[PDB]
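Below you will find one chain, with nothing else, as structure tokens; this is the form deposited in one PDB entry, and questions on how it binds or moves follow later.
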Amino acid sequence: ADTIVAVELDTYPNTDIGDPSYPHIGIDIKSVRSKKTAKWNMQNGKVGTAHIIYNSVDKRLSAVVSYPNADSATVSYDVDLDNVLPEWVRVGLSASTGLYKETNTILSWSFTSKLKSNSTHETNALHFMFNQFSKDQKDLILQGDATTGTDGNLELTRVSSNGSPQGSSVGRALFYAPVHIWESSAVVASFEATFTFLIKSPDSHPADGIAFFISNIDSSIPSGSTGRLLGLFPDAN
């Protein structure tokens, strides 16, 4: 069914479905078993920042994750997205919790997409930046347990009144408008996404993670995609 390209921030090592033995960042092309991963020194309760970049000349999806005053983790992968995704896609954020849990809070998110033609001075661009989410965010499609407005934040997975994270939860937020990633006469196509997140868990082994994904425009949360499946895939194939 859905086509998914995601950058995952996987907090719980399910070494049974391929995770390394630690929290890691990975690049997933159509499967939960990452094509590439990097060790991520995850910090409970600290605000992190994820940066994701790509361009159709280099055909390399790269991601960098950092915490203030910390060394950063980075992961890269050669892949031609023209061969994996449709011409028009929707971009979004997803997260889940399972028997273990954590809060998956998004404090900001910006995205920029550009298509430059061979025509003199011809660039098509899309840019959005959210530094504050409101209770009725009409430019986002919220799926699952995702909600906006709490503390002006985006809560991807369920959190009780006190802000405690609930288990077995899954939620996604997609930017309302379709994004154009390929064009017949495009000489260069590129995108970059940035998001700041706060993962906090009362547990020692928090789970599952957060992912930035790009999918077919009509993507929806697959059945049984809670836990280790990050609200993105239907199975662990």
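When you see a residue number, it is the position in the sequence shown, counting from 1. Between two forms, the rigid core is the largest collection of C-alphas that superpose within 1.5 Å. Residues that one form lacks are left out of the comparison.
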{"property": "Mean C-alpha temperature factor, higher of 170-178 and 31-39", "result": "31-39"}
{"property": "Entry-level comparison of average CA B-factors, 122-130 and 96-104, reporting the higher stretch", "result": "96-104"}
{"property": "Residue with maximal Cα B-factor (values as given in the PDB entry) among 194, 62, 55, 44", "result": "44"}
{"property": "Within-chain third of residue 1 by Cα B-factor, per the entry", "result": "highest"}
{"property": "For residue 199, the third of its chain into which the C-alpha B factor falls", "result": "middle"}
{"property": "Chain-wide C-alpha B factor ranking for residue 236, given as lowest, middle or highest third", "result": "highest"}
{"property": "Residue 115 CA temperature factor, ranked by third within the chain", "result": "lowest"}
{"property": "Modelled-residue ranking by C-alpha temperature factor, third containing residue 214", "result": "lowest"}
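The same protein also has a form deposited with a partner chain bound, omitted here; what follows describes it.
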{"item": "Interface membership of residue 222, the partner chain in the deposited complex, 4.5 Å heavy atom rule", "value": "no"}
{"item": "Contact flag, residue 205 vs the partner chain in the deposited complex, heavy atom cut 4.5 Å", "value": "yes"}
{"item": "Exercise: residue 80 in contact with the partner chain in the deposited complex, heavy atom 4.5 Å", "value": "no"}
{"item": "In the deposited complex, residue 169 touching the partner chain (heavy atom, 4.5 Å)", "value": "no"}
{"item": "Shared-residue segments moving between the shown form and the other one, Cα shift 2 Å or more over 3+ consecutive positions, core-fitted", "value": "203-205"}
